[PDB]
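Take a look at this one chain, the form deposited in one PDB entry, written out in structure tokens.
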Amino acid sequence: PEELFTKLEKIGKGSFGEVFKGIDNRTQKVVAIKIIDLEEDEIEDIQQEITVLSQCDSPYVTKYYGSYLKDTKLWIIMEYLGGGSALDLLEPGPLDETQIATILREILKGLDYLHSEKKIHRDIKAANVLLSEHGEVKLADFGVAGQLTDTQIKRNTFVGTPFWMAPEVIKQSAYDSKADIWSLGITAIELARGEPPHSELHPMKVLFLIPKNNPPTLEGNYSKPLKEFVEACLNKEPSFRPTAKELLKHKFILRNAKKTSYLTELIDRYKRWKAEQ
């Protein structure tokens, strides 16, 4: 079968199937293997995952090596990220503003690539942000990624994770990449606080609270620029949120973000914590 790769430990599951660590038996590099049994309903959203991944080429987006078929099982092969999710990294305790800024810059760099490639991720949460063992920050899970073309200037599909969802996308309004800017603002909050606004509530309640309420804000002992960065991303009017490129030159990013190698530290804090139970 797809025996260029040997499975290692199971490293995750989502809706679609499950993720494994693996090795390409031709280069001995560590890889990440999404496995999906194609026996049933979500298959069009499986196709779109691989079709986008194939078309992405950036050090801020999880690479793609190909898909295979063993009987019914589909094997999507992609870049392995040993630091794992930014979400898991939050668990031990709060982050500092440099760590927050640094991770955001790398998301911002990632979103900029996608949005310049006419692609909206449509699911930015700290969970889908993965870190390489050396601290490189990359976006993952393109299961719900949408494609803008020269014709389809906007999308309409109701998709994403409720808490990180933009008013316009919840409301089925015609939306574009700016939706990801909103999510990134919620992701900014998440990183700063460990939880997105409303996370105590049931997702359905949330789906009426996002559109009805005004945008969430970042309350607490965070510096003005951070608060303003969030304030800037979280705008009810899509067009008044800034673009990723623009947010890359925002003050908070620029004064706090340092080398992404200093994130080996955050990855360590998790290891020490995770091994302690």
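Take the two forms, find the largest set of C-alpha atoms that superpose within 1.5 Å, and that set is the rigid core. Each residue number is its position in the shown sequence, starting from 1.
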Can you count, per the entry, how many deposited residues between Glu40 and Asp41 come without coordinates? Answer none, 1 to 3, 4 to 9, or 10 or more. 1 to 3
Compare the mean C-alpha B-factor of 215-223 with that of 41-49 as given in the PDB entry, and name the stretch with the higher value. 41-49
Do the C-alpha atoms of 16-24 or of 249-257 have the higher average B factor in the entry? 16-24
Top residue by Cα temperature factor, when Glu136, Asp123, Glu168, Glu190 are compared in the entry: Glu136
Pick out which of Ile186, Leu148, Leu81, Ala140 has the highest C-alpha B-factor in the PDB entry. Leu148
Among all modelled residues of this chain, ranked by Cα B factor, put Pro203 in the bottom, middle or top third, i.e. lowest, middle or highest. highest
Would the CA B-factor of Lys63 place it in the lowest, middle or highest third of its chain? lowest
Among modelled residues of the same chain, the CA temperature factor third for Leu104: lowest
Using the B-factors in the PDB entry, rank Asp71's C-alpha atom against the chain and give the third, lowest, middle or highest. highest
Divide the modelled residues of the chain into thirds by Cα B-factor and specify which third, lowest, middle or highest, holds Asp176. highest
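Just so you know, the form deposited in another entry exists too; it's not on screen, but the next bit is about it.
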Indicate whether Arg255 shows a C-alpha shift of 2 Å or more between the shown form and the other one, with the rigid core used for the fit. no
Did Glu265 shift 2 Å or more between the shown form and the other one, C-alpha, core superposed: no
